[PDB]
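A single chain, nothing else alongside it, follows as C-alpha cells in the form deposited in one PDB entry.
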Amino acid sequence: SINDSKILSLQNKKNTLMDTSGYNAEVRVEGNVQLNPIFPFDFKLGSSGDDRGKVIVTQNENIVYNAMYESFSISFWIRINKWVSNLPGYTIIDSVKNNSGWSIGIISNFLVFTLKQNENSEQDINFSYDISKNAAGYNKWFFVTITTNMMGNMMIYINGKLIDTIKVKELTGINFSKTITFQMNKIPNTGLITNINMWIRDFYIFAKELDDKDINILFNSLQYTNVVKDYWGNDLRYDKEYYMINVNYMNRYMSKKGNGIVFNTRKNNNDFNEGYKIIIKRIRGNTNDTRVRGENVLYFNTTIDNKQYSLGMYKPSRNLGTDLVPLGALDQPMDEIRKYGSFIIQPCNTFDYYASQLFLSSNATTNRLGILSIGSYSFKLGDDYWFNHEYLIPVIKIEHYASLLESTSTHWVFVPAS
C-alpha cells in the first residue's frame, strides 16, 4: 500500500547490494564491506581505518527533486556493536553535498537525524537510549523510522514507538543531495574516549510521511515474529552457548549450589560474561533449521565443571510455597528431562528487549503445566546445614499463573557467549 511511495529500497540480493525500488539508484560498494549470506542479509561496516567499508547510493535527481522538499520517510534496521554511552561522534549515513542535505550520526547514547540547510544552520531530532537499561551498551538490532514533512513536523520512531517530534523551521536554501554514503566517519573533537561496527538491513525511503500505523505494519512485516531472538536481536539457535538472564535481574548471573541454580550479583557491566552458560536443545517443533521458534518444545543443558547437567525441577529442603517448584541443575537421563525439564517457548519482544517466556511442558508435549519465573526463597542447598538462606532462584509456578503471564519476571533473555 505504502510501497507505491517507496523511491529507494537498498537490499542485498544474490550477494549484491542494489536498489530494488524500480528507480534503479546506483549502488557502489568500496572497501571492507561484508554481506551476510543468510537472513537478515545485512551488510557490515566498521570504523576500521584504511579501507573502512563504504556504500554509495546515487539516486535519480528528479526522483529526489519531486519528493524530498515536501514529505519523506527513512526507515531501516541497524545494529551498532559496542555503542557505549561515552562513544565519540560518528556520521554513519550521510546525504550532505555542499554543506546542505540530511545526515544521520551517533554520539554518546544519541542517534541523531539532522536537516542541514547550510554550513551555518541546521535542525535535528534524536533518540537517546536508556543508559541504565543498557549498561553493557545498546548493541541490539533496532528499527529506525524518520518521518519528515517540510511544512510540518520532523519525527523519529524506534521499533515503531514515537520518540521525538518537532516542527520543521524555515530552512530556505536547503538543497537535498541525490547521494547517500554509508560509512563510519569519526567527527573530530567529540570526546574521543576509546573500533566499532555497524550492520544495516533494508534501508528504505518513501515519498510520503508515514503515520504510526504504516510504520508499525512495516516494522512487523520485516520480521519473522515466530523466530525467537537472542538479546542482540539475532535469531536464537539450538546447540549454542548463551547466558540466560531474567529481565528483572540483569545484574545477576547463573551459578549452582547443590542441586539448585542460584543467581549471584555480577562483578560489573562491561560484559555479560560471568557464570555458567546454557545450551538449548530441541525436542519438538515444526521447522528444523537450528533456529528456536515459538511453540517448540526444548530443554537446557549446562556445563559446570567438566560435567554436564540439564535444568529440571527438584524437591527443595522445605516447601517454598503453594504451586511453586524450584528449577535446578540435574545430571539426569532423557526420560527424566521429558517429565521435569522440558519447556515450550514463546517469543516475547518489547521496546526494551528481545525475550521469551518459558512454560513447563507436560511430558515433552505442547501442553502447558506452568510458567518459569524467578524469586528469592529461604531454604537449604548444598552444604547448608544449621540455617536456611535466601537464594534468588529460577522457579516454576504450576497450575495458577494467570497473573504472572503479564509479569516481566517471566521474561527470559539469552546473550550469546560467542
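Only the largest set of C-alpha atoms that superpose within 1.5 Å between the two forms is called the rigid core. We number the residues from 1 along the sequence you see.
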| item | value |
| --- | --- |
| Unresolved deposited residues lying between neighbours residue 194 and residue 195 | 4 to 9 |
| Residue range whose averaged C-alpha B-factor is higher in the record, 375-383 or 31-39 | 31-39 |
| Mean temperature factor over C-alpha atoms, higher-scoring stretch between 235-243 and 115-123 | 115-123 |
| Criterion, highest CA B-factor; candidates, 255, 134, 172, 248 | 172 |
| Out of 358, 68, 355, 393, residue topping the C-alpha B-factor column of the entry | 68 |
| Ranked C-alpha temperature factor of residue 8 among modelled chain residues, by third | middle |
| Chain third (lowest, middle, highest) by recorded CA B-factor, residue given as residue 229 | lowest |
| Residue 97 - Cα temperature factor, lowest/middle/highest third of chain | highest |
| Record-listed C-alpha B factor of residue 222: chain third | middle |
| CA B-factor ranking of residue 265, expressed as a third of its chain | lowest |
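Another form, the form deposited with a partner chain bound, is not on view; read the next lines as being about it.
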property	result
Stretch from 180-188, 222-230, 319-327, 253-261 whose residues place a heavy atom within 4.5 Å of the partner chain in the deposited bound form	319-327
Exercise: residue 63 in contact with the partner chain in the deposited bound form, heavy atom 4.5 Å	no
Residue 214, heavy atom within 4.5 angstroms of the partner chain in the deposited bound form	no
is_contact(residue 368, the partner chain) in the deposited bound form, heavy atom dist at most 4.5 Å	yes
Distance check, residue 339 to the partner chain in the deposited bound form, heavy atom within 4.5 Å	yes
Among the candidates 349, 362, 357, 48, the residue which, in the deposited bound form, approaches the partner chain to within 4.5 Å (heavy atoms)	362
Contacting member of 249, 314, 142, 272, with respect to the partner chain in the deposited bound form [4.5 Å, heavy atom]	314
Residue from 393, 68, 57, 360 whose Cα, after superposing the rigid core, lies 2 Å or more away between the shown form and the other one	68
CA of residue 321, rigid core aligned, shift of 2 Å or more between the shown form and the other one	no
Core-superposed C-alpha of residue 173 shifting 2 Å or more between the shown form and the other one	yes
Distance trend in the deposited bound form - C-alpha atoms of residue 207 and residue 173, change of 3 Å or more	closer
Direction of Cα pair change residue 68-residue 154 in the deposited bound form, magnitude 3 angstroms or more	farther
